[PDB]
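We give C-alpha cells for two forms of one protein chain below, kept apart as structure 1 and structure 2.
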Structure 1
C-alpha cells in the first residue's frame, strides 16, 4: 500500500491534476543547470543588476547537502557535475553565494576525478554542454579540477565532431543542436541567422538555457520574453524544456489508460483530449503548443488516443516522417531515433482504418525495429522501471488479440512510480510518475477480483446441478470466466459475465458432442421445436445440454424482462430460443458436411460457417445485460448490422487460419482453406492462407472504423463495445503465443476445482 487516503480523496486529486493539464498547466521538476543559465541575464534597465534575482535565490536555497546541484533522489555524476558547474558559474558571475560556491567547488574537487565513460545516460548535448561549462568555470578562476583523462578525451572527441559539422547547415534547417546552442558559444555561428530558427514563442527547441545564450548573443526581444514568462510561470526555477503541454498531457492520460484507472476519470480525460485536439493538425504535433517541429512520438501518441476516443484524425500526419525504404524518423533530418517512439508508433499503427496504407508501413517498420533492440542493454540505467518489459509485451500482444485487464495487469507491474527522464539534465514528471496512480491501479485491480469468488461459486454450482458430469471437463469454465472478466470488468456487468459464461459453456458442450456424433436429425427434430416436452426422445448425452439450454433461456428471459420493461417476456424468449436454435442447427450443418463428402464453395461454406462460428450469438444474448436500452427494432436488425457481419467474418477467418494445420495433420477437408483451393486452381495452401490472412486484416480495419467512430444511427455504445470485445476474446483464444503462457487463470482453475470437490463430496471430507 502506497497511499493512505480514501479512494475518493485520490480520485479528487487526480481530477484536479487533469483539469490543470486541460488548461495547459502541468508539473516538471526545475533544472538547476537551466535556472542558473537563464539567471546569467542582466536587467535591461540596469545591466549591473540581474533580471532574475529570485532565480539566484532559488539556486542558493536548492543546493544539495553535499554541495552539488542536480537530481536529489538519483545521483548521476553527469547530472550533478554539469548542474553544479552551471550553478557555480552563475553565482560567481554575480559575486554572490560565497558559501554555496565553497560547497560547490569542494563537491567538484572530490568528484570530478570520478567521471568516466558508460556511467549513466548521455545527457542531451552533454558532449558540447559540459566542455563549454567547464571552460567557463576556468575563465572565472573557480577552484576545481580542470583536466582528467575523461575530460580531455571528451574535449578531444567533441572538437573533432564539431570540426566536421559544416556550420551553415546549423543556420539552414532545424537540427538538434538548436537545443544546446550554449555549448556552441565560441563557434563561428551567425547568431543573427540562427534567430530565424526560433519557435513561435521565441525559444530554441524550447530550451531555456539555449534560448538564453541566443538572447545574450543577439538581444532578440521574443527570446527574452519567452524566458521572462517561463520564469514567472515556473516560479523562477525553469525546467530544461518548456512548455511540454502536449507531451505531458498525452503521457498522463496514456499512463491512466494503460493502468486501467481511466474508469474514474472519463470527463476529465475528455477535457484534456479536447485541449490536445485544439492543437492537432494534418501534420501531427510536437511536444508543446509552441514547438518548432512535429515529431513522431507525440504524433503517434495523439493520433492513437484521439482516434480511440472518436476524434477525426488523419494518417496524413505520418507522411512527413517517411524515408525511402518504408522507414521512419522521429524528426525530419534526424540521424537516429529511440525505442519509446517506435513503441508508440507500433501501438498507433494498429488502430488503422481501411485504405490507410501508411500505417501498414509504420507497423512493419516499427515492428522490425522493436524485434531488433538490444534487450540486455536497453535502458540499462533503469530510468524506467521496465522499458524492455513494455517492448516485449507490445511485440507479443497484437491490439486485437489482447483484452483490457490483461494489458492493465501487465502494465501495473511495469509502471514506475518514481521513474526519471533524461534531457539536458535529469528531470521528473510527477504527474506521469507518482504513487497515487499506482495505488489507484492496485485498488481497482483488487475491486475486479472481489466479485469473482461468488460469481465463480455460482458457475460451479450451476455446472453441478445441471449434471454435465453425467455424459465432460469443467476446466472450460474458469477460462471462459477469465476472458469475460478481462473485457467487462466493472462490477455492474455481473449478469453479463455469468450469462455469457453459461452460454459459452452450453455451446462448447453441444458443439463438442456433435463434432463426434447420424441422428443429428433426431436432434435437429427436437431442437427445431425447442419443446422441453420432447426432451425425452433425446439420447441422454443430448438430453442433458438440451434441458439446461432450455432452462437457462427461461432464466435469461426472466432476468432480461426485469431489466427491459418495454420488452415482453415472450418477445425476449422467442428471441433467445430463436438465436440458439439457429446456431445449433447451423452447427449440425457444419457437422453433416464434415461426415459426408462435401467441400462446398467459399461463398456457400462461409455462409453457414459464419453463423456456425457461435460468436454472434453471445453478442445477441449479452446485449440484454449490457446496460443499454433496447427496442424490438434493435433486436430484429442487430444480426444484420455491419459490426455483426464483421464479427462473424473475422472470427471465421481467424478460426480457419489458426487451426488449418491442426486440421490437415489429420486430414480434414471442409474448411475455408480447402474451399478456397477448390475455387482457385494453382493456389497452393500457402496462397489460400495468405489470402485469408489478408482478408482478415482488411476486415479488422473495417471493424476499427465501425467501432472507434460514432456514426449516424449507430448501435448503442456498450453494444458496439461487446461486439468489439467478442471478436477479441475469440482472437486471443487463437493467439498461441499467449495461450501457452496462460497467473490469475491458474488460481481461477484451482478455486473452481476446490469448489467442485466440496460439491461432489456434499461437504463430507475424505483423506
Structure 2
C-alpha cells in the first residue's frame, strides 16, 4: 500500500516546488521520439550539411529502447512504437549517422510491422496521415523494412479516400485538426504560404513541433524556426508532441490535488498557479496554452470552475462560442465530434453557476445527457486512465451541492491513476499530473482524517450514555458524525465536530418527540420552560422532555465554557445568552409546527415559510459552530449573522429541499404535506405538481444565489470559515435528503455499537 517511504515534509516540499514551477509556466511532459526526430531533420541555416540540432540526434541515439524501438517505454503500443521508430530511422538515415541504431531499429520493424492491426490501441492523432507518410519516407531512404502489410495497404486506401473528400482551400481557410499533422500532408498541393496565417502566437502549428517543422521546411518562416529553436533549448533537445501546454498542465495538476483532497498542504502555491492561469484567462476562455491558436471547452471549463471557486471573476460568456443549434456544445469550434473528458469537466463547471447565467443551464443539460448516454463497455477501453467511466458514474450520481469533500476525495483516491498515460501524436506522460507522490500524500491525509475518530466517537457514545437518552436511537450518531467529518476534516476542528454532533443529536431527539406530541397543552408547557431557559422548571415539563431539555441545558453550559476560553473578547454571559437564545428560537418554531399540525391550521405560504425556515434547524448549527470554526468573533457578528444573506439562503434552500422530498414520502402515505398544502391554499388553482415545480424552481434559483454569495468575496463579508460552514451545512442537508445517495460509514456504526455495549455490559463479557 505504501508508495513512497520519505517523510511527509519531504513529499510536501517536493510538490510545492513543482507547483511554483508551474506558476511560472514550467512543467514536465515526456519527450516525443517522433517529434524530436522530425525536428532534428532541420539543417543549419548557414550550412545545410550540418544539422541545426545535433544534440537532438545524440538524444535519439541514446534513447533507443533495448528491443530497437522508440516510443513509450512503460506501455508498449504498436502504433506508438512503429510510428516513433520510423521517424527516428528516417532522421538518422537522412544525416547518415547512427548505423547501429538503424540496424537495431530496422530489425524491430522487420519483426513487428506484421503485428500491426486495426482496433489494437488508441488512435494516435493524425495517425491516418502520419503513418503512411513516414513509411513512404523510410521507403525512399532505402531502409531494410517491410514496406507493406495488409494493414498498411488498407490504411493508405482508406486515408486517400478520406483525403479526396476535403477541399484543400479549407485547410488554410480556418483552423482545423489537420494543422496538428501537416507533416502527413507533405505531398498534397497545399498552399503552404497561406497556411502561415494559421500559425499560433509563437509560430507553431497547433503547438506541434513536427507539424511546425514541416511548415518551416516548406516556407522557411522565421517565427516557426524560432519556436523550434526555443522549444529545443527549453526541453534539453528532446521535444514533446505539443508545447507549451502550460495552462492545461497547471490546471490539471491543481484539479488533481483538489480532487484527491491534498490541497490542505498547498494553499499558497495553488494561489500562485491560479494567479498565473488568471493572467491568461479571457472573456473567450482559454486553450491548452498561453500561445495556443484556439480556445477549447475542456480548458475553458476547467479554468472557469477552479478560478470561480477560488474567488476570481470569470464570465460565463466564455462558453458562448461553443454553442450549437439545439443547445448543444462543441469542444473545438468546427470539430467533427468530441470526447468524454471535456463533458465531465463541462458538467462540473455548470454547477457553480450564478444568477442570470442561463448558458450554464444549457451546458449542464447538454453534458448531463451526453454523460448518461456514453457506451460504458467501450469507454477508454485501453485504460489510458485508471477508471474514467468510474469518474463519470460518480459525477452523474453526486450533484455538486449534494456531495461532501471527503466523500468525493475518498472516491477519487480509488479512481486516480498514478501511471496514466495520454494520447496525442504519440503516447505521452504528464509526471506532475500522474505520480506516486500525490497518491501517497492522499493516503496519508486520509489516514490522518481517521486518527481522531475513535476518541471523538468514544466521547460521543459516553455522552449519550451519561445523558440517559436511553431512558425516554443511538444509530443517529454515526451518520451525524460521518457528515461532519466529511466537511470539517482538518484535525483542528475536533471541538466543532463534537459540539455539532451533540447539537444535532439533541435537536433530532427533541423534534422526534415534538412530532409525536399527543396534544397542544404539553407543547405550551414546554414552550414556557424553554422561553425562560430555566432548569429549575424541568419538573413542570412532561417527563419525556425532561431528559433532553436537561441535557440541552447542560450542553449549552459546556459549549459556553469552551467558547469563552477561545474568545477572550466575549463574555461568558454574552455567549450563554447567545446560545440559549438560538436554541430557544429553534425549539419555539418546531413547537409552532407541531401546534399547527394538531390544530390543522394552514397558514399562507409566506406565513408558513416565516416559521418553517426557522424550524428546518440547519441555521442553529451554523450559529453555534461558528464559535469553534477558528475565526475571531465580535458581538456585532453574533448579533447580525442570523439575518445575514448567506444564513437566509441556507434556511430557504434547506426548507425547500426538505419539503420537496417530504412530499414524495407523504404521497405514498395518506397524509398531505404542509409545504405543498400551504402553497395550494395560497394559490387556489395549483396542482400538487405545480406546487412542486414552483418549489423546485425556487430551490434552484436560491442555490445559484448561494454560490454567488459563497465563492465571491464581498465587502463586509463573513469570515472565511463561517462562510465555509454555512455552505457545508447546506450540502450536509442536501446529501441527507438525496434519496439516490442514502439508498447506497459501516466502520462508524459498528464502532459506536461495540463501544456502547461495553458501557452497558460495563466490565463483564457475555456469551
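Residue numbers count along the first chain shown, from 1. Superpose the two forms; the largest set of C-alphas matching within 1.5 Å is the rigid core.
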So which one of 97, 669, 202, 145 actually moves, Cα shift of 2 Å or more between structures 1 and 2 once the core is superposed?
669
Between structures 1 and 2, how far the Cα of residue 680 shifts once the core is aligned, in Å:
2.1
Once you lay the two forms on top of each other by their rigid core, how far has the C-alpha of residue 267 moved between structures 1 and 2, in Å?
0.2
